[PDB]
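You are given structure tokens for the same protein chain in two forms, set apart as structure 1 and structure 2.
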Structure 1
């Protein structure tokens, strides 16, 4: 079967549960890739495969091939070698508003395409944004869903605690706007280097999120601009319908500079 026929397997790049990512080479092509090897809910596997295919965009990991073998499934992507956005925040502590703004721009373009194609990711966070002034590529479509335009339903309780929308935590129906909440949380980290909602106790984390209990504490927020904090407030609006859309967030002056 076609992957163990055509490809050699090298060094592990990442690992969740379910999945391992390793560098592979298409031997006859002399071409390196990332292979997401999945260690075989078959419905959810083919969905992530279909969604990865759907999405061709500078800011979205580009699926080269999907291969089904005895016991393993391979989703092969173009190799992006710049590391998680997560790692770069750790190393640099935080981004200049200059660098934060080009970054969240990169992210909003990916989120805008996803939404235009009726895909909601639901697990936006730095670990799932990969670097190539290096452009940011959205990854891990393992939790992604398909919506019809502005439809909102209960699609299930899924994602990363720190990043989860109020609507999802209340078990209210939801859609595209949960990605914009995650973008708010991301943007806030970019600017100062910790999240808006932290707590040892998950239950109290979830109370904060549902209640929008974020501040811009002194001293570190005092020199951050009005335009930046404006975007975070519009992204971190509890009302999903009132929340800034991806398209509206690209036309925001902090992102436009126009």
Structure 2
């Protein structure tokens, strides 16, 4: 079947629970891709549902700031999710290297992220796991576009209907409603956007603790601040957008659509 006869495998790009991500070449086309290779030998019925869900969600999303799924190939004992190759690496690595982004660069960055999240939300997809590791740069040329990646934890929602969809995400980026084990939906992504925007502007996260129990307490109480000296030169309107994203009550939290109309984004 198609992958084994048409594609050649090269170096590893990442790891998963029962998957690797490897660079591959479609040999006759001379085009390179990133292949998520899932070992499907004795997968549970639910694990088969989640693989199909990831494939369906990735096929659904067509956006300049979302990684394109090229193909979904089922072979004996192996499934291949074939994505466009993205060579700029994690947004995470670029923030660490540059320490922080200027407000102009941070605004441009979060604008692209919010456009990607807006599209997801319009198509009834909640990512649930937004973070700098899951945002890739299109090239190594500075000012390259950001691409939302890894919909392995993504869920399908029916309009604005919210529910307990289970405990999933990354500690530092988890919304209060997920940590309380309360019903949630699209707003969990805007909370994560708030954490990412905070990181962009000063190069460290708003919530952090060696003790995970204290981390979760600080998140649930929205106990973040803007310490000196890094926040001393940051505009009030940057702090305002962060505040509206890092709103504990998900009803009153800014939406993707609203965030894109905020003066700090739109007047620029």
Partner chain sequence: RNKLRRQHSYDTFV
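Think of the rigid core as the biggest set of C-alphas that the two forms share within 1.5 Å after superposition. Shifts are known only where both forms have a C-alpha. Residue numbers count along the first chain shown, from 1.
Note on provenance: structure 1 matches the form deposited without the partner chain. If you fit the rigid core between structures 1 and 2, you'll see the Cα of residue 245 move by less than 2 angstroms.
Residue 18 is among the residues whose C-alpha shifts by 2 Å or more between structures 1 and 2 once the rigid core is aligned. Relative to the superposed core, residue 94 has its Cα moved 0.7 Å between structures 1 and 2. Taking the core as reference, the Cα of residue 73 moves 1.1 angstrom between structures 1 and 2. Taking only residues common to both forms and fitting on the rigid core, the CA shifts of 2 Å or more between structures 1 and 2 cluster into a single run of 3 or more residues at 16-19.
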